[PDB]
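What follows is a single chain, given as C-alpha coordinates, in the form deposited in one PDB entry.
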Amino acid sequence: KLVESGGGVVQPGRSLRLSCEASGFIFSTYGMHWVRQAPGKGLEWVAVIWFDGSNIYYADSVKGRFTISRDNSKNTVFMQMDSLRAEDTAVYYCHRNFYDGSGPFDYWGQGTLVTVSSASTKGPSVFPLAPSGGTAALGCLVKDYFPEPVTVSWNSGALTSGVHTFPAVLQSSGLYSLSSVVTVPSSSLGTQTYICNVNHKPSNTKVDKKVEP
(Lines give C-alpha, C1' and ligand atoms only; values in the text may rest on other atoms or scores of the structure.)
Protein backbone atom coordinates (compact mmCIF):
# COMPACT_ATOMS: atom_id res chain seq x y z
CA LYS A 1 0.00 0.00 0.00
CA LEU A 2 1.21 3.49 -0.92
CA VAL A 3 0.55 6.76 0.92
CA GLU A 4 1.74 10.18 -0.25
CA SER A 5 2.36 13.16 2.02
CA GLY A 6 3.96 16.58 2.15
CA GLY A 7 1.47 18.55 0.05
CA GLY A 8 0.38 22.13 0.46
CA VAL A 9 0.99 25.46 -1.25
CA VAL A 10 4.40 26.71 -2.39
CA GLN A 11 5.63 30.00 -3.82
CA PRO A 12 6.85 30.18 -7.44
CA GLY A 13 10.58 29.49 -7.44
CA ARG A 14 10.49 28.03 -3.94
CA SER A 15 10.59 24.31 -3.27
CA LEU A 16 8.77 21.44 -1.57
CA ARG A 17 9.51 17.79 -0.77
CA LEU A 18 7.01 14.93 -1.06
CA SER A 19 7.12 11.57 0.72
CA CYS A 20 5.77 8.20 -0.43
CA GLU A 21 5.75 5.48 2.24
CA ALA A 22 5.21 1.86 1.20
CA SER A 23 4.09 -1.06 3.35
CA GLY A 24 5.18 -4.68 3.23
CA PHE A 25 8.39 -6.37 2.19
CA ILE A 26 10.96 -4.62 0.00
CA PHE A 27 13.15 -6.31 -2.62
CA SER A 28 16.22 -4.82 -4.29
CA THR A 29 14.37 -5.49 -7.56
CA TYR A 30 11.68 -2.97 -6.62
CA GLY A 31 11.36 0.70 -7.51
CA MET A 32 9.00 3.66 -7.56
CA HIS A 33 7.24 5.77 -10.18
CA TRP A 34 6.09 9.37 -9.79
CA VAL A 35 3.08 10.37 -11.90
CA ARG A 36 1.25 13.69 -11.69
CA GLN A 37 -2.05 14.96 -13.07
CA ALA A 38 -2.77 18.64 -13.61
CA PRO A 39 -6.27 19.92 -12.72
CA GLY A 40 -8.47 18.71 -15.56
CA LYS A 41 -5.69 17.26 -17.73
CA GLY A 42 -4.16 13.84 -18.39
CA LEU A 43 -1.52 11.78 -16.64
CA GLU A 44 2.19 12.53 -16.97
CA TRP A 45 5.09 10.30 -15.93
CA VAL A 46 7.61 12.34 -13.94
CA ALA A 47 10.40 9.89 -13.06
CA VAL A 48 11.28 6.44 -11.74
CA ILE A 49 13.83 5.29 -9.16
CA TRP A 50 15.30 1.78 -9.13
CA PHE A 51 16.58 0.48 -5.80
CA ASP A 52 19.24 -1.82 -7.29
CA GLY A 53 21.76 1.01 -7.77
CA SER A 54 22.20 4.57 -9.01
CA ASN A 55 19.69 4.45 -11.88
CA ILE A 56 17.17 7.30 -11.77
CA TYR A 57 15.33 8.25 -14.96
CA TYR A 58 13.54 11.60 -15.23
CA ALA A 59 11.15 13.15 -17.70
CA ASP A 60 12.56 15.98 -19.79
CA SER A 61 9.83 18.16 -18.27
CA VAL A 62 11.62 17.98 -14.89
CA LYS A 63 15.14 16.72 -15.66
CA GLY A 64 17.85 18.65 -13.82
CA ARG A 65 15.36 20.02 -11.27
CA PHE A 66 13.44 17.26 -9.47
CA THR A 67 15.52 14.85 -7.38
CA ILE A 68 14.41 11.51 -5.94
CA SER A 69 15.95 9.62 -3.03
CA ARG A 70 14.90 7.08 -0.40
CA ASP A 71 16.00 5.45 2.84
CA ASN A 72 15.57 1.68 2.79
CA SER A 73 14.56 0.86 6.37
CA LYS A 74 11.80 3.49 6.44
CA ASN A 75 10.50 2.13 3.10
CA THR A 76 9.81 5.70 1.97
CA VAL A 77 10.73 7.49 -1.25
CA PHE A 78 11.17 11.25 -1.56
CA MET A 79 11.01 13.66 -4.49
CA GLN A 80 12.32 17.14 -3.68
CA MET A 81 10.96 19.50 -6.34
CA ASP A 82 12.78 22.81 -6.80
CA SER A 83 12.48 25.85 -9.07
CA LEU A 84 8.75 25.20 -9.25
CA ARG A 85 6.54 26.65 -11.99
CA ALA A 86 2.81 27.25 -12.26
CA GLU A 87 2.85 24.40 -14.79
CA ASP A 88 3.82 21.96 -12.02
CA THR A 89 0.54 22.42 -10.14
CA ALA A 90 -0.84 18.88 -10.14
CA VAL A 91 -1.91 15.98 -7.96
CA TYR A 92 1.18 13.81 -7.51
CA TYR A 93 0.92 10.01 -7.31
CA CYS A 94 3.54 7.42 -6.49
CA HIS A 95 3.03 4.07 -8.16
CA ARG A 96 4.36 0.51 -8.46
CA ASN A 97 3.32 -2.17 -10.96
CA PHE A 98 4.08 -5.87 -11.05
CA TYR A 99 4.47 -5.87 -14.85
CA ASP A 100 7.91 -4.25 -14.91
CA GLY A 101 9.51 -5.23 -11.58
CA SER A 102 8.83 -2.07 -9.57
CA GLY A 103 6.49 -3.80 -7.12
CA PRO A 104 4.44 -6.88 -6.21
CA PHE A 105 1.11 -5.32 -7.25
CA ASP A 106 -0.16 -2.40 -9.32
CA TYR A 107 -0.22 0.05 -6.41
CA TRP A 108 -1.14 3.73 -6.40
CA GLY A 109 -1.37 6.31 -3.65
CA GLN A 110 -4.25 8.66 -3.03
CA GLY A 111 -2.25 11.57 -4.45
CA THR A 112 -1.37 14.81 -2.68
CA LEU A 113 -2.03 18.10 -4.46
CA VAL A 114 0.62 20.83 -4.64
CA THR A 115 -0.27 24.30 -5.91
CA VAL A 116 2.27 26.84 -7.13
CA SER A 117 1.12 30.42 -6.55
CA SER A 118 1.79 33.32 -4.19
CA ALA A 119 -1.76 33.16 -2.81
CA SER A 120 -2.08 32.48 0.91
CA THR A 121 -3.75 29.64 2.78
CA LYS A 122 -7.24 30.63 3.94
CA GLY A 123 -9.92 28.74 5.84
CA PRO A 124 -13.38 28.16 4.38
CA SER A 125 -16.37 30.32 5.31
CA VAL A 126 -19.37 27.99 5.13
CA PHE A 127 -22.97 29.20 5.01
CA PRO A 128 -26.30 27.33 5.16
CA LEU A 129 -28.93 27.08 2.41
CA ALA A 130 -32.44 26.89 3.97
CA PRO A 131 -34.93 24.55 2.21
CA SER A 132 -38.37 26.03 3.17
CA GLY A 133 -44.12 20.12 0.14
CA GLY A 134 -42.28 18.09 -2.53
CA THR A 135 -38.94 16.41 -1.79
CA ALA A 136 -36.89 19.25 -0.29
CA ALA A 137 -33.23 20.17 -0.85
CA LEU A 138 -30.73 21.72 1.58
CA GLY A 139 -26.99 22.35 1.56
CA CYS A 140 -23.85 24.05 2.90
CA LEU A 141 -22.07 26.65 0.73
CA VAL A 142 -18.30 26.85 1.30
CA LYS A 143 -16.82 30.21 0.33
CA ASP A 144 -13.40 31.85 0.10
CA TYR A 145 -11.23 28.75 0.72
CA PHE A 146 -7.65 28.38 -0.63
CA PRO A 147 -6.12 26.04 -1.75
CA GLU A 148 -8.00 22.91 -2.74
CA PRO A 149 -9.05 20.28 -1.73
CA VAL A 150 -12.06 20.24 0.58
CA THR A 151 -14.21 17.35 1.78
CA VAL A 152 -17.83 17.12 2.92
CA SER A 153 -20.01 14.12 3.82
CA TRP A 154 -23.08 15.16 5.81
CA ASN A 155 -23.58 13.65 9.28
CA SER A 156 -20.05 12.17 9.07
CA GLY A 157 -21.20 9.39 6.74
CA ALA A 158 -24.61 8.82 8.34
CA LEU A 159 -26.67 10.61 5.65
CA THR A 160 -24.63 10.12 2.48
CA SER A 161 -27.36 9.06 0.03
CA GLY A 162 -28.05 10.93 -3.20
CA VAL A 163 -25.63 13.77 -2.45
CA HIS A 164 -24.13 15.88 -5.24
CA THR A 165 -21.03 17.95 -4.39
CA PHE A 166 -20.18 20.22 -7.31
CA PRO A 167 -16.54 20.80 -8.27
CA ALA A 168 -14.91 23.97 -7.00
CA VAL A 169 -15.25 27.15 -9.05
CA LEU A 170 -12.27 29.52 -9.05
CA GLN A 171 -13.67 32.99 -8.42
CA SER A 172 -11.57 35.65 -10.14
CA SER A 173 -10.69 36.95 -6.66
CA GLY A 174 -8.49 33.84 -6.32
CA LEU A 175 -10.54 31.92 -3.73
CA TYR A 176 -12.26 28.66 -4.60
CA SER A 177 -15.85 28.12 -3.49
CA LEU A 178 -18.45 25.38 -3.86
CA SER A 179 -21.49 23.86 -2.14
CA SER A 180 -23.20 20.52 -1.61
CA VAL A 181 -26.83 19.42 -1.60
CA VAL A 182 -28.93 16.47 -0.35
CA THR A 183 -32.53 15.86 -1.51
CA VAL A 184 -34.42 14.88 1.66
CA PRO A 185 -38.01 13.74 2.43
CA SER A 186 -40.67 16.35 1.74
CA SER A 187 -41.58 17.08 5.38
CA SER A 188 -38.58 15.91 7.43
CA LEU A 189 -39.76 17.93 10.42
CA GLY A 190 -37.42 17.69 13.39
CA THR A 191 -34.91 15.38 11.74
CA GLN A 192 -32.09 14.26 14.02
CA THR A 193 -29.29 16.44 12.65
CA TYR A 194 -27.75 17.99 9.54
CA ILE A 195 -24.06 18.56 10.29
CA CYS A 196 -21.91 20.50 7.81
CA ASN A 197 -19.15 17.90 7.53
CA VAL A 198 -16.53 20.25 6.05
CA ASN A 199 -12.76 19.92 6.57
CA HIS A 200 -9.95 21.96 5.00
CA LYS A 201 -6.65 20.04 4.94
CA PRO A 202 -4.25 22.94 4.06
CA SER A 203 -5.70 25.12 6.86
CA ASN A 204 -6.81 23.04 9.84
CA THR A 205 -10.38 24.31 9.55
CA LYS A 206 -12.73 21.44 10.42
CA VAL A 207 -16.18 23.08 10.62
CA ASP A 208 -19.84 22.11 11.19
CA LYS A 209 -23.12 24.00 10.54
CA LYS A 210 -26.89 23.97 11.14
CA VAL A 211 -29.39 23.90 8.24
CA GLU A 212 -32.77 24.64 9.89
CA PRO A 213 -35.45 26.51 7.90
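Rigid core: the largest C-alpha set superposing within 1.5 Å between the two forms. From 1 onward, residues are counted along the sequence shown.
Not on display, but discussed next: the form deposited in another entry.
- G24 is among the residues whose C-alpha shifts by 2 Å or more between this form and the one not shown once the rigid core is aligned.
- Once you line up the core between this form and the one not shown, the Cα of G162 stays within less than 2 Å of where it was.
- Residue displacement note: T112 has its CA displaced by under 2 Å between this form and the one not shown (rigid core superposed).
- In that other deposited form, the Cα atoms of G101 and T112 sit 3 Å or more farther from each other than they do here.
- Panel note: the distance between the CA atoms of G53 and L18 is smaller in that other deposited form than in this form, the difference being 3 Å or more.
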